[PDB]
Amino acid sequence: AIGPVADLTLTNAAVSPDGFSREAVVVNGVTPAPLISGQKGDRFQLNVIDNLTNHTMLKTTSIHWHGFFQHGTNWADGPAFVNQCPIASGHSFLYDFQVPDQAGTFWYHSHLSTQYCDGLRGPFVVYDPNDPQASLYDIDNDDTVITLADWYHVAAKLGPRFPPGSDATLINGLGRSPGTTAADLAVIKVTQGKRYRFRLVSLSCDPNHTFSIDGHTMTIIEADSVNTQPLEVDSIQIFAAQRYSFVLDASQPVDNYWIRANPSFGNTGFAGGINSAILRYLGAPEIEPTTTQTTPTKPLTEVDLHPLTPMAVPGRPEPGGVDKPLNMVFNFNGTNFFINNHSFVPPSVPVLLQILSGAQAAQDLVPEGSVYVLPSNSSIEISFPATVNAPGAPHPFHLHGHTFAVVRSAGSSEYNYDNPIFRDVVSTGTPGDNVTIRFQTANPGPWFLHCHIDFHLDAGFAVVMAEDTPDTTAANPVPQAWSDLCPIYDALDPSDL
């Protein structure tokens, strides 16, 4: 684990995670990217060095640190043409932020176009010296992090505009595809009698996965950086960008047990050990598990998660019971996504620089009709009604610089203004659902709100919430290197992007 102070060098490289070679974006020579770590309070200083050659997979780049609030550091949040212009190949940039008030499981990925699918994605953990869940397990280290990635043989910009799911699911960077059914499976090693804190992270570009371990249960103590009442389950549906921590008691006989990560679509199931990995008890023979499935007895619902610490839902316990209640009407013209009749196109000047250059009203910011100005110390409610005119559902929408209350989850019709789970990524479900969320404006700056299916985002399924524009500039004091980015980016030839 590198960090909290680290150099992250970005290069192109051939890799063979599913035993099939293709070019990718790597970070310090590996994909998924190396585990970054620190502890509650640390100031992370992450110097991103662009040494990318391949323009098909994009020579320019930008990094998001997913889940962190970035209070007073909105310039460092990452989304391209929202919070910065991209970094140029053969240049460096120093991400310099603090996490004073959060801990748990997160991740980092490129946030320019669809560049994370090509490889620039990985896990990021912030351990807590006073973790209230600490007594519940014995072991929590680098080898208890468990990553999920969907992996494509064709690059993002060479395949279809809406990839139909993955060739392989990579668990901790390895997996099989139906054409490479003898490729190495990842092995997660445990010692009988010990209790592990496994930190599951979706690095998915698109599909959600359904995580199961044969012969074992799983006790959720964390979701998306927020601790929960412990919750025993035997199946978890994790959407793109979500995280869980779950405790496992390696209290079964010493053997090999299939770990299972089935995607919503693409090459699907486990024939040949695709979408699989291996939980191996120390001392078991080095072979593939021959355990079988079971009908999950108690799968996870969001509705059953609750904050471990009481956390208060903003506003009044009735719908619309807030200062600024918004509705997101989705649509689609055959190629472009639309929220409230507007398809996000990135502006040529970033939204933060627009604010910092004085534009503060919604009509003076571009793209007009995709940027929503909000008041401070104000409760916000946002509703995401699920419709057939947004294909690719369920869409995991995500808000930046915030974690929010899920007053209504998918599958539920019950609202819950009392003890809902809070998080930064939520499935908006299917037609019937009106998945709905709440937060207060605690954090001046522009914050991207989009689907976290990267291909829908790329097709303009996004808005920016610019909050406290009059305070914003003072609150978010830009460093020099950041104001060099647009000047350097605008210089470039289009064949070096």
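Numbering starts at 1 and follows the sequence shown.
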property	result
Between the two ranges 377 to 385 and 276 to 284, the one averaging a larger CA B factor in the entry	377 to 385
Stretch with the greater mean C-alpha B-factor as recorded in the entry, comparing 194 to 202 against 368 to 376	368 to 376
Residue with maximal Cα B-factor (values as given in the PDB entry) among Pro299, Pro263, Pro420, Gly392	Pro420
Candidate residues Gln115, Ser413, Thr219, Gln252, the one whose C-alpha B factor the record puts highest	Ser413
Third of chain Cα B-factors occupied by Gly19	middle
Third of chain Cα B-factors occupied by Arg161	middle
Lowest, middle or highest third - CA B-factor, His452	lowest
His209 CA temperature factor, ranked by third within the chain	lowest
Third of the chain's Cα B-factor distribution that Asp140 belongs to, per the entry	middle
